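The chain contents come next:
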Amino acid sequence: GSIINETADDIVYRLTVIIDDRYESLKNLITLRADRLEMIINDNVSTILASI
Amino acid sequence: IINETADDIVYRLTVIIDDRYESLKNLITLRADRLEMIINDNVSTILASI
Amino acid sequence: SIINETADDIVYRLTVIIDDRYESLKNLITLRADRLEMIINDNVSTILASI
Amino acid sequence: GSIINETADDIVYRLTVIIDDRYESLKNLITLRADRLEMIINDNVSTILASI
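Quick summary incoming for the structure in this document. (Residues numbered from 1 in each chain as written, not as in the entry; some residues may be left out. Chains lettered and ligands numbered in written order. Heavy atoms only, no water. Residues with missing side-chain atoms left out of burial classes, pairs and counts.)

## A closer look at the overall build of chain C
Consideration 1: Looking only at helices and strands, chain C features 1 helix and 0 strands.
Consideration 2: Over its C-alpha atoms chain C spans a radius of gyration of 22 Å, topping by over 25% the 10 Å that the globule rule assigns to 51 residues.
Consideration 3: Each of the three principal axes of chain C carries a C-alpha extent, and together these read 75 × 10 × 5 Å. (Helix = DSSP H or I, 4+ residues; strand = E, 2+ residues; numbered from the N terminus. Rg over C-alpha atoms; globule rule 2.2 N^0.38 Å.)

## Structural notes on the side chain of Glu-37 of chain C
Consideration 1: Relative to the assigned elements, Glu-37 of chain C resides in helix α1 (residues 2-50).
Consideration 2: Those residues in contact with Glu-37 of chain C, other than ones at most four positions away along the chain, are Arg-33, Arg-36, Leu-37 and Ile-40 of chain D. (Contact = heavy atoms within 4.5 Å.)

## Concerning the interface of chain B and chain C
Consideration 1: Listed by partner, the interface residues are 24 residues for chain B and 23 residues for chain C.
Consideration 2: Interface area for chain B against chain C, summed over the two sides, is near 2200 Å², with a carbon-plus-sulfur share of 76%.
Consideration 3: Of all residues in chain B, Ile-2, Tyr-21 and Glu-36 of chain B give up the largest surface area on contact with chain C, accounting jointly for 25% of the area buried on that side.
Consideration 4: Applying the counting rule to chain B against chain C returns 5 salt bridges.
Consideration 5: The residue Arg-21 of chain C makes a salt bridge to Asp-18 of chain B at a minimum N-O spacing of 2.4 Å.
Consideration 6: One can count 7 residue pairs in polar contact joining chain B with chain C.
Consideration 7: Here the residues of the side of chain B that touches chain C sort into 16 nonpolar, 3 polar and 5 charged. (Buried area = accessible area lost by both parts, 1.4 Å probe. Salt bridge = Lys/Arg side-chain N within 4 Å of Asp/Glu carboxyl O. Polar contact = N/O pair within 3.5 Å; in protein donor to acceptor, adjacent residues only side chain to side chain. Nonpolar A, V, L, I, M, F, W, Y, C, P; charged D, E, K, R; others polar.)

## Overview of the pattern of salt bridges
Consideration 1: As enumerated under the stated definition, the model contains 27 salt bridges over all chains in all.
Consideration 2: The shortest N-O distance in the salt bridge between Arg-14 of chain A and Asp-10 of chain A comes to 3.5 Å. Of the two residues, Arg-14 of chain A and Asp-10 of chain A are both situated in helix α1 (residues 4-51); the distance of 4 residues between them amounts to about one turn of the helix.
Consideration 3: Among the residues examined, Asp-10 of chain A registers a relative accessible area of 32% and is labelled partly exposed.
Consideration 4: The partner of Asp-19 of chain C in a salt bridge is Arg-22 of chain D, and the shortest N-O contact between them spans 3.1 Å. Of this pair, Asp-19 of chain C sits in helix α1 while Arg-22 of chain D sits in helix α1 (residues 3-49), each in a different chain.
Consideration 5: One connected set of salt bridges, linked through shared partners, spans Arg-33 and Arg-36 of chain A together with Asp-35 and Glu-38 of chain D. (Buried < 20%, exposed > 50% of the residue type's maximum accessible area, 1.4 Å probe, protein only.)

## As for the interface of chain C and chain D
Consideration 1: The partner chain D presents 22 residues to the 24 residues of chain C that form the contact.
Consideration 2: Of the roughly 2100 Å² buried at the junction of chain C and chain D (both faces included), carbon and sulfur atoms supply 77%.
Consideration 3: In this structure, the connection of chain C to chain D is made through 5 salt bridges.
Consideration 4: A salt bridge links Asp-34 of chain C to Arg-33 of chain D; the shortest N-O distance between them is 3.0 Å.

## Quick look at the side chain of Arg-33 of chain A
Consideration 1: Along the chain, the position of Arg-33 of chain A falls in helix α1.
Consideration 2: Residue class for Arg-33 of chain A comes out buried when judged on its relative accessible area of 9%.
Consideration 3: Once residues within four sequence positions are removed from consideration, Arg-33 of chain A is found in contact with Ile-30, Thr-31, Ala-34, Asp-35 and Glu-38 of chain D.

## Here's the deal with the packing of aromatic side chains
Consideration 1: Throughout the structure, instances matching the rule amount to 0 aromatic pairs over all chains.
Consideration 2: Between the NZ or CZ atom of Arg-21 of chain C and the centre of the ring of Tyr-21 of chain B, over which it lies, the distance is 5.9 Å. (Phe/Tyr/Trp six-rings, centres within 6.5 Å; stacked < 30°, edge-to-face > 60°. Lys NZ or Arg CZ within 6 Å of the ring centre and 35° of its normal.)

## Section: the nonpolar core
Consideration 1: Counting residues in hydrophobic clusters, the biggest one holds 24 residues, and the most contacted among them are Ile-11 and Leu-15 of chain A, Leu-13 of chain B, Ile-10 of chain C together with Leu-15 of chain D.
Consideration 2: Counting residues per element, the ones that place at least two in this core are α1 of chain A, α1 (2-47) of chain B, α1 of chain C together with α1 of chain D.
Consideration 3: When near neighbours in sequence (up to four residues on either side) are disregarded, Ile-10 of chain C contacts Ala-6, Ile-9 and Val-10 of chain B together with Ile-11 and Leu-15 of chain D.
Consideration 4: The next biggest cluster of nonpolar side chains, apart from the first, holds 20 residues, and it includes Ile-40 and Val-45 of chain A together with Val-44 and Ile-47 of chain C. (Core = buried A, V, L, I, M, F, W, Y, C linked by side-chain atoms within 4.5 Å.)

## Considerations on the packing of α1 of chain C against α1 of chain D
Consideration 1: Between α1 of chain C and α1 of chain D, the shortest axis-to-axis distance is 10 Å and the interhelical angle comes to 5 degrees. Viewed along their axes, α1 of chain C and α1 of chain D adopt a mutual orientation that is roughly parallel.
Consideration 2: Among the residues making up the contact of α1 of chain C with α1 of chain D, the classes are represented as 27 nonpolar, 7 polar and 9 charged. (Axes fitted to C-alpha atoms, helices over the stretch in contact; angles between N-to-C directions. Parallel < 35°, antiparallel > 145°, perpendicular 65-115°, else oblique.)

What follows is the structure in structure tokens.
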């Protein structure tokens, strides 16, 4: 009763922290590598146009 | 009770997982769409400049 | 026992949820990466054939 | 601990291994495809610059 649901709420909270923490890390890596690809791309097109 | 509680756990954590998965799915699609639009735009600029 | 049985059930069910969400994101990442690689290599060969 | 405490610990552990693994594979996948794109982009910019 006070144990079954406190152990239910505890499982959910503990796994929610794991899931949230892994998710935010994936969110940051996608944003990081996409931002990085776009600087690389923007720089290279600037270089090509400035070399023509 | 033991089964009602287990169903509650699986359900609640399944809402979390699906929400996180959905936002990542959207993020991947957004950034990939941006990249495809950026690459096409830039190549069209190069082609009109050579 | 009703405790271990229910625990194995929680793990199995949620593992399928996670695997499904994982394999779907794996496929999306591979797909969008594959397209971007093909768009780049197509567009570069187009430039090179035009210069 | 209690049986419910050791059972809840085993649920969280087994699902944390699953979550982490699927996370780690997506981490390596995103890094891999971003690296592949950058290798392609940089080969192609050096080919364009040497061709104009």
